[PDB]
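A.B. asks: Coordinates for the following, if possible.
(5 chains, ligands or ions: 1)
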Amino acid sequence: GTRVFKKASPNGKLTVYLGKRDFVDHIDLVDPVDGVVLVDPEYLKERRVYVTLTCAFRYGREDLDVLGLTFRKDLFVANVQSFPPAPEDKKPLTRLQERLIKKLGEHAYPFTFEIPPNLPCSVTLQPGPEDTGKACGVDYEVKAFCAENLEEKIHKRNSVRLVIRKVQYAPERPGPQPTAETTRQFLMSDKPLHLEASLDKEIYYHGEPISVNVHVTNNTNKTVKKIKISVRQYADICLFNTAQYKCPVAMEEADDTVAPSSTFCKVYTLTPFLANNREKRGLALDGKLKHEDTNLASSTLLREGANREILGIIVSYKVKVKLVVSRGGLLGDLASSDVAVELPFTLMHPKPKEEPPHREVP
Amino acid sequence: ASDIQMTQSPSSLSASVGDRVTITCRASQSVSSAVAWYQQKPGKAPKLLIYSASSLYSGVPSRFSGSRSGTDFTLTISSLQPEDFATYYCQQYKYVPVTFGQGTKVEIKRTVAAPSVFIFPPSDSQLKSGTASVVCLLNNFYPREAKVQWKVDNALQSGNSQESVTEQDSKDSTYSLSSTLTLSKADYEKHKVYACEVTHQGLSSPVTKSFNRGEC
Amino acid sequence: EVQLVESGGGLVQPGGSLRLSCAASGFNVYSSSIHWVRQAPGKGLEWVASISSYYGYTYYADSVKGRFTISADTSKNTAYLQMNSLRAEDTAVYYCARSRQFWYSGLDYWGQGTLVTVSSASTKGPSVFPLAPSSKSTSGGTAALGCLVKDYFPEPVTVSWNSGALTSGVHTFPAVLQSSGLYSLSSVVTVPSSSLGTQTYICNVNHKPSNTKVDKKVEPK
Amino acid sequence: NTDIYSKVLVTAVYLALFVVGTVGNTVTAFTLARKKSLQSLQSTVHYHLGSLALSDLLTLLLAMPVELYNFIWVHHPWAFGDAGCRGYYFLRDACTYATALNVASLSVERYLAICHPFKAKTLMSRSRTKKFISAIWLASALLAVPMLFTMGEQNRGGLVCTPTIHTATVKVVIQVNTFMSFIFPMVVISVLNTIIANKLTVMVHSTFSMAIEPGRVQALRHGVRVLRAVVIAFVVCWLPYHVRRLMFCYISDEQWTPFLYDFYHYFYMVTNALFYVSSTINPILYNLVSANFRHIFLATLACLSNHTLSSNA
Amino acid sequence: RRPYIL
Ligand SMILES: COc1ccccc1C1CCN(c2nc(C3(F)CC3)nc3ccc(N(C)CCO)cc23)CC1
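C.D. replies: Residues are numbered from 1 along each chain as shown, chains lettered A, B, ... in the order given. Okay, here it is:
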């Protein structure tokens, strides 16, 4: 729309204008972060106005007596000098910038950041029930400050900070249908236990049910006593060392029995939501602006080939269909050999035509 | 935000086919653009017209348009069709006590018609039952803005009378009035003079009909 | 076909309880939010309660905070509004409405609405009182004749003149709620004075909820 | 052939070691097993830690109660028969093999994870870690089953629990047992831990970083010091045990005196206490090295600017 | 005598 966001410095001498707060990360290029900064040349006194775009990873440290204290690790930093224009090294003006400059007058100066591809999106890690502080995760932020030089102590009264979000939306073209199959032969079996699971679609929306078609062909002499089907969120997190995490966001344990020399076929419906997953500390949620409720983190879309090992948080989802089989011959039947398959799927928001904020707040 | 008040300035509006209809809504506090407009026909559920104060909902004709200026919002109907005569509500959905306006009723307009007044005395069965409800029936009158004054037995009656109003006819597009004057078994016999005065603006001068006990 | 079906409305006493059902069809309870909006007779829209079911939150108006309780049945895809300690001010037509859970909060789908009536009165049949035309007092070109319906509490009573034969512009009026708690409506019609003493006009008053049908005739004196 | 005071002191220190090791290893196993949401998929050190803790706990439980009754108090009647005299020795040797192999496997893991992390990401998985743990336990059992054939009961009261086979085979079975239980674990642990300590120093008390939780890191305190102290303790807590087991059979039918008899009967208790110390040392190192582990272990032990506005351009 | 205990 034609609306813009403005935020002023504590002293009121500096203010920043942005036409958006969520910037869409298409797989090839991101939306430019173009804005307008309004200065007071009679107050600067030969100073300069610097606007900085920072992608930072916020993390906590558990080896501390103080609780609720977090750090920041910068992943990407960009700088532009605004009040004194660069010697013809200035980006072309977008239409919103033209309107903002003509509206604000002569003391309004533009800034534009080009976020490089393969950078992490805004992901917020869910704080625990007992956690008083700033939530961990990756977020972007635009900061403008008056300073004589870049390497200087920034005063709080002369700077203004604005949190922005990098987001992705569901691809328009659906992918191939997710299909997984497996064949298991036990120790003293000599016969195969076949499991075939599939999803109805490759791309799902938040709050939308997922249908899992499970076809079991038991040609062995062991009994499948329980079928476990779950939706798992995978978080590839690279902060100081590469780490991978797994979290089930939706579960369905079915007491469905498959007899020896029998065939089974059922469809199971699951829907991941946040109301039953709020206790899971560290769960990946979509980027927040201040503290508002966000859905589960959308699937991170990476480049077509390779371009892996991102230093942020990579989110993906899988459906695991597990068959538990009553083992016999060497154990006391307490344990059970598990035959499982995994189905990867995409969980994202559809491409919108307006601002994501639902504007609902007490 | 304690509780946002949505004030629709036009409580009732009359317009003809093809005219431009403008309904405005004022918010007591800044609700950003989180404003929606709804159309409601008599006896039917409200239908969503626009949202985000400017966006048209799918299937809504291009005649309807929404616009935001400040804390105020405006709904405009261009080339008002006969299907667009209904009640319209502005709603803000920026705070969980979502609030609607008091509604704006859109009526049809034509030449002013003069009301016709009739007075019907209570029947013998009504008097025998124990309650008397003398009514004066007002026939077709376009402006819809009228009043009923009794002045029975040279004494004005107020605070008990109830009035009924029908909707516009599907072809005549004219209203009607029916007012009831409550009375007791002893009250009906005590006063032998009854009347019903009309303060309609359509007539140049007020029209008064008088009645007496025992008249046919 | 996206639709919402409401049920569970009807007569209550001032202090009783009701449960309303909204059978959602065509959408999920996790990608949609369910809201209840009531409309008092002659008044506008008033939001009552809402449920998100994705964030596990429920909201209520300040006037129904303790008495009303909203809940959803995810498996049946049905939301419920359990209303307790009902008052006379709770008499309204209750609609269940839907909104997108994500990135929208306007109500795009509405149910037909269930009328909820809360009063101490009980079902009662009507009592017709003839309205004799006053040819000595009515100046209309066509004589005006009417019938009076009084003291009927339940759903509006159908009134037909001469079993629907009359087509001279019969004007029925909406029933008003008297101080006692019972409704009353009047039906009038303009008839030419030529057939005043020849054509007999009978208003058929049939009240289905009370199963009381009374026939009356009006003739000028 | 021992004084009452020495026996009392040995019994007291053995009971203190029993309680300390059992409590520490049980709480360590609970800490490593008490998992929460968002389990890490590339961390396998906890599997080796739990395997080593279980090995130490089994050593404790299958060693102290049997030994204190008969060997500590130089009891002449062996309270069991031949099945017991074989099974207890088999279980003890299996426990020692499991402990040594668990420490060696922990050293191998840490190094793979530190020297070649990117290689170990694909070369090492949770399923492969479980396979390796099961393999080392099965190897411990298959190396200890010799003790079933070697041991037996004799008369020489009078129940004797001794290797009944000829000394020629005993001197080679003890030789291979000592080799595979000390020397190979000794070289593996020492070399790998020295390499790890050297690499930690060249790359740099809070020298390391570990992502215990998503977006939560912790520091590894006293890394190199503990990496060398584990080797020093394994040398101290094992070498006398194996030297005693070797000298029990590598001495001919000569140089036998009552002085040497009492010397063996006291060195037995001394070296067995040193052996048992290693079964308790590990959780102490776990606590002082990892802050998160120490916190969970102690918990289990105790429980046992302006505002953004809007406008239009 | 010999230790007799291993
Ligand atoms: C028994 O101790 C041995 C024996 C042989 C080889 C390595 C060890 C280490 C085991 C425990 N500790 C750790 N060392 C390292 C090294 F990286 C320095 C190699 N990483 C760890 C990571 C986690 C951890 N926990 C207690 C789990 C919970 O935090 C302990 C260690 C120090 C000695």
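
A.B. asks: So which bits of stretch D:71-91 are buried?
C.D. replies: Buried residues in stretch D:71-91, counting neighbours by 16 or more other C-beta atoms under 10 Å in any protein chain shown, are found at D:71-72, D:78, D:80, D:82, D:84-91. The way it works is simple: take the backbone N, C-alpha and C, and place the C-beta from them, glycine included.

A.B. asks: Generate TSV for these, with secondary structure and distance to chain B as supplementary columns.
C.D. replies: Shown next, in TSV, are those (DSSP: H, G, I helix; E, B strand; the rest coil; distance: C-beta to the nearest C-beta, whole Å):
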residue	secondary structure	distance to chain B
D:71	helix	76
D:72	helix	74
D:78	coil	80
D:80	coil	76
D:82	helix	80
D:84	helix	74
D:85	helix	78
D:86	helix	76
D:87	helix	71
D:88	helix	71
D:89	helix	74
D:90	helix	71
D:91	helix	67
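
A.B. asks: need those residues in a markdown table with distance to residue A:323, can you?
C.D. replies: Formatted as a markdown table, those follow (distance: C-beta to C-beta, whole Å):
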| residue | distance to residue A:323 |
| --- | --- |
| D:71 | 51 |
| D:72 | 52 |
| D:78 | 51 |
| D:80 | 46 |
| D:82 | 46 |
| D:84 | 43 |
| D:85 | 46 |
| D:86 | 42 |
| D:87 | 39 |
| D:88 | 42 |
| D:89 | 43 |
| D:90 | 38 |
| D:91 | 36 |
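
A.B. asks: can you tell me which two in these are farthest apart?
C.D. replies: Distances among the buried residues of stretch D:71-91 were taken as C-beta to C-beta; the most separated pair is D:72 and D:82, at 21.4 Å.

A.B. asks: Just the closest of the buried residues of stretch D:71-91 to residue C:79, please.
C.D. replies: Nearest to residue C:79 among the buried residues of stretch D:71-91, with distances taken as C-beta to C-beta, is residue D:91, at 63.2 Å.

A.B. asks: What about the residue nearest to the closest one when sequence neighbours are not counted, how many residues nearby?
C.D. replies: Spatial nearest neighbour of residue D:91, excluding adjacent residues (C-beta to C-beta, 6 or more residues apart in numbering or on different chains): residue D:62 at 4.7 Å. Look at residue D:62: counted by other C-beta atoms under 10 Å in any protein chain shown, it has 17 neighbours.

A.B. asks: Within the helices and strands, which one has residue D:62?
C.D. replies: Using DSSP states H and E, residue D:62 falls within helix D:45-67.

A.B. asks: Please apply the same query to residue D:293.
C.D. replies: Judged by DSSP H and E, residue D:293 forms part of helix D:291-303.

A.B. asks: what comes into contact with that helix?
C.D. replies: Helix D:291-303 has contacts (C-beta atoms under 8 Å, 6 or more residues apart in numbering or on different chains) with A:62-63, D:23, D:27-28, D:30-31, D:34, D:212, D:218-219, D:221, D:283, D:286-288.

A.B. asks: mind listing what the one residue in chain A that gets nearest to chain E touches?
C.D. replies: Residue nearest to chain E within chain A: residue A:330 (33.7 Å; C-beta to the nearest C-beta). Counting by C-beta under 8 Å, 6+ apart, residue A:330 touches residue A:187.

A.B. asks: is the helix holding residue D:293 anywhere near the ligand?
C.D. replies: Yes: counting by C-beta under 6 Å from any ligand atom, the ligand has neighbours in helix D:291-303: D:292-293.

A.B. asks: between that helix and helix D:45-67, how many degrees?
C.D. replies: 40 degrees (axes from the mean of the first three to the mean of the last three C-alpha atoms, to 10 degrees).

A.B. asks: just checking, what packs against the following helix or strand past helix D:291-303?
C.D. replies: Using DSSP H and E, the helix or strand that follows helix D:291-303 towards the C-terminus is strand D:309-312. Helices and strands touching strand D:309-312, by 3 or more C-beta pairs under 8 Å, 6 or more residues apart in numbering or on different chains; DSSP states H and E, are strand A:3-8.

A.B. asks: quick check, distance from the strand it packs on to the centre of its chain.
C.D. replies: On the basis of C-alpha atoms, centre = their mean, to the nearest Å, strand A:3-8 sits 25 Å off its chain's mean C-alpha point.

A.B. asks: name the helices or strands packed onto that strand?
C.D. replies: Checking 3+ C-beta pairs under 8 Å, 6+ apart, strand A:3-8 ends up next to strand A:15-18, strand A:159-167, strand D:309-312.

A.B. asks: most packed of those strands?
C.D. replies: strand A:15-18 (a mean of 23; mean count of other C-beta atoms under 10 Å in any protein chain shown).

A.B. asks: Report the contact partners of whichever residue of chain C sits closest to the ligand.
C.D. replies: Closest approach between chain C and the ligand, counting by C-beta to the nearest ligand atom: residue C:56, at 33.7 Å. Residues in contact with residue C:56 (C-beta under 8 Å, 6+ apart) are A:274-276, A:278.

A.B. asks: Leaving out the residues flanking it, which one is nearest to residue A:255?
C.D. replies: Residue A:255 sits nearest to residue A:226 (C-beta to C-beta, 6+ apart), 6.0 Å away.

A.B. asks: now the helix or strand hosting the one you found, how far from the centre of its chain.
C.D. replies: Residue A:226 belongs to strand A:224-238 when assigned by DSSP H and E. Using C-alpha atoms, centre = their mean, the distance from the centre of strand A:224-238 to the centre of the chain it belongs to is 18 Å.

A.B. asks: Tell me the buried residues in that strand?
C.D. replies: Going by 16+ other C-beta under 10 Å, strand A:224-238 has these buried residues: A:224, A:226-238.

A.B. asks: Out of these, which is nearest to residue A:55?
C.D. replies: residue A:238 (13.1 Å).
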